[PDB]
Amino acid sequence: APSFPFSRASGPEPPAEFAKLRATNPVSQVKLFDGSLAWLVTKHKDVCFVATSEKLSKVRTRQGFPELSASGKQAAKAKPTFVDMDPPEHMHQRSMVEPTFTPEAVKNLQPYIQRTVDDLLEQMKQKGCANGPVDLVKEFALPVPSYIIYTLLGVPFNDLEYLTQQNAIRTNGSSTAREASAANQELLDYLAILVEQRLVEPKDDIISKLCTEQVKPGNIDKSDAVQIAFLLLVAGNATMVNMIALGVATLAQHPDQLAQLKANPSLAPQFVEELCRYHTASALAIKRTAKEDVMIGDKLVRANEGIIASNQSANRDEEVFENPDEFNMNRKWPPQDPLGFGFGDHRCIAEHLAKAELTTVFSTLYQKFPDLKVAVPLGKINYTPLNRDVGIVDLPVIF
């Protein structure tokens, strides 16, 4: 039973194990860091089954849950938020915050998303690159999602830059454990004060809605409101940053795709679709324990055994996506959904928001900067460590 998680084959590539498994061993056991086992599911049909089966649970206090690291195991001890809940608790809590994220709400947010992107691009332009390249991550990929989610939560504008930096320290590979933990607690302490403030004087933000609609009637406590807000901040932000950077790198890697997007920015939605399939930057979230025996393919998953369903592997499944290892913005899409945002009731609350942020980026960036170029050879890009989800740490650019 091989150790899991697997390391990526190279900076921008999935782990090499998954194609082999899809071909010869699609449902198989892997060994986790603590010596426990889990079933690894690799085919799109089977990932969808795992994501939707009511015989499977996300509750992390169930013995058999596939925690992938020592830190994951300690994190499982806390009071869960909706990410780790089953029905009916899951939607009881998730419904408290899903209004901001609906397709229609995100459509109505489009002008705000556009203005945020425009403003950050203009700051980049005013800074310029006369003295050499600038880091597209720090200057752009980081602040776009950060400013948006903090603003939606209720953070005032003058606090965005500092809080963006502190949330990045949580996940920066260069942070020490103390630095990351202190940043985590700093943000929680900040959000607690915002909850206190919005309970006394609500404003038109997510924290205020939690306060008025859930804390004041006694449906949740203040501490719960803080933890729900924190989940919305930390769940997806670093993933968004990585997706922006990976999109820029991918366009540089495939010049004719960039040429097409520059000639027709209305292709941004389809570029984003392909990006979210090809670069599955959150690949380790579709995890379960079996509450009772369940058959998956030619395997029996027994009660209290763990399951990891790779959406990354599903998104490269040749039975669903023809020529899956080719990046093609002009892909002819099958009926089956790509799984970049997961599947089933737990499917990313922010899928529509994330796609709108990415579409806005990729329909704007090369209109602003038609001569944007990565300022190092592409083979020297600084990707996330290979034992992590795919991403980019920094990306020197000129324009």
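Heads up: residue numbers just count along the shown sequence, starting at 1.
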item: Between the two ranges 258 to 266 and 100 to 108, the one averaging a larger CA B factor in the entry; value: 258 to 266
item: Per the entry, higher mean C-alpha B factor between 132 to 140 and 163 to 171; value: 132 to 140
item: Top residue by Cα temperature factor, when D317, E305, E292, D204 are compared in the entry; value: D204
item: Residue selected from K216, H279, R115, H90 by maximal Cα B factor; value: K216
item: Chain-wide C-alpha B factor ranking for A177, given as lowest, middle or highest third; value: highest
item: Relative C-alpha B-factor of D46, binned into the chain's lowest, middle or highest third; value: lowest
item: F157 - Cα temperature factor, lowest/middle/highest third of chain; value: highest
item: Ranked against its chain, the third holding the CA B-factor of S69; value: highest
item: Chain-wide C-alpha B factor ranking for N311, given as lowest, middle or highest third; value: lowest
